[PDB]
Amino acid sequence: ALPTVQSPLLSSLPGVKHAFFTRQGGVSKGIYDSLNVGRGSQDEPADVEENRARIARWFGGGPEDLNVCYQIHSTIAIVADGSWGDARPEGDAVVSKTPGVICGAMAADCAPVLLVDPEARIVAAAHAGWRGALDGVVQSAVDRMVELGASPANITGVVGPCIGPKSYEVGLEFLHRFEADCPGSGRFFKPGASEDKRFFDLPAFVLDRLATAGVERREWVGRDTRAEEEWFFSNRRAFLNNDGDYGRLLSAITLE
C-alpha cells in the first residue's frame, strides 16, 4: 500500500526486501504531511511513531524490527543483530546479517544508500550527506559489512532519492573543500547561477565512493527530492520557504 521507489538492482533479490520511501502514506500534518519518520523533528512524536510503524509493517515486521540511528553525518557504521527498541544509537549506517532486522537511514536531500551481499546474506543502509560522503561513510559501511563476512566484489549498492545535480547549489568554500580533500572530485561540480556558485552532483559523487569501495554493481534511482515536492521532503526547499523544520524520508532494507 505504501508508495515506494524501488531499484531493479535490488528488487530481483529473493529473501531481501528494500524500499526508498516517499512522503506519502503517513499520518503527519502540515509541513510533515503524511510519512515523516524523523524522531528528532518537531512533528508530533506519536505521529512519527505511527509512520515508522507503517513502514515496519510494509516490511512484514513491527516497530521493534526497525533500526535507525541518531544520525550525525559521521562515517560510523553500527551493526544491528536485533531490535534497539526506541533507542537511537549515534551513527550514520546500519548493518546486519540478522533476518528480521530492518536497516534504515533517514534523509531529506542527503543520499540514502542501500547495500547488500546476496551470497554472504548481509545488508546495510547508509546516510550519505555531503559530509559523510566526503569523509568516507560509504567505505565505512562496506568495511563493516566485510567484518560480518561480505565481499566488496559481490556487493550491490544503490543510491536513493536525494537532492539532484540540477538542484544542489553550493558555494566556493564547499567546492574548494572537495577539490582539496578529495582529489579529482572537481568533476562532480557544474556551472552555477554565478561564478560564486556551483551545482554539486551528490549522487554521482556517492556512486564514485561506491566504486572506489569496490562496489561494482551500482546505480542512482534518479529521483530529485528538492524538485519533486509531490513525492519528497526537502531540507533545501524548506530553507527557501523559511520552514523551521522538515519531514524526513526513510530508506531501508532487510533480510527477510
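Start at 1 and count along the sequence shown; that's the residue number.
- Checked against the record, the higher mean CA B factor of 242 to 250 and 16 to 24 lies with 242 to 250.
- Of the two segments, 210 to 218 and 59 to 67, the one listed with the higher mean B-factor is 59 to 67 (C-alpha atoms only).
- In the PDB entry, the Cα temperature factor peaks, among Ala120, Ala125, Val138, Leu175, at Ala120.
- In the PDB entry, the Cα temperature factor peaks, among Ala111, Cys182, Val170, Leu115, at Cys182.
- Ranked by Cα temperature factor within the chain, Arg52 sits in the lowest third according to the deposited record.
- In this PDB entry, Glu229 carries a Cα temperature factor that places it within the middle third of its chain's modelled residues.
- The PDB entry assigns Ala93 a C-alpha temperature factor belonging to the middle third of its chain's modelled residues.
- Annotation for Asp143: CA B-factor lies in the lowest third of the chain's modelled residues.
- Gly38: CA B factor in the middle third of modelled residues in this chain (values from the PDB entry).
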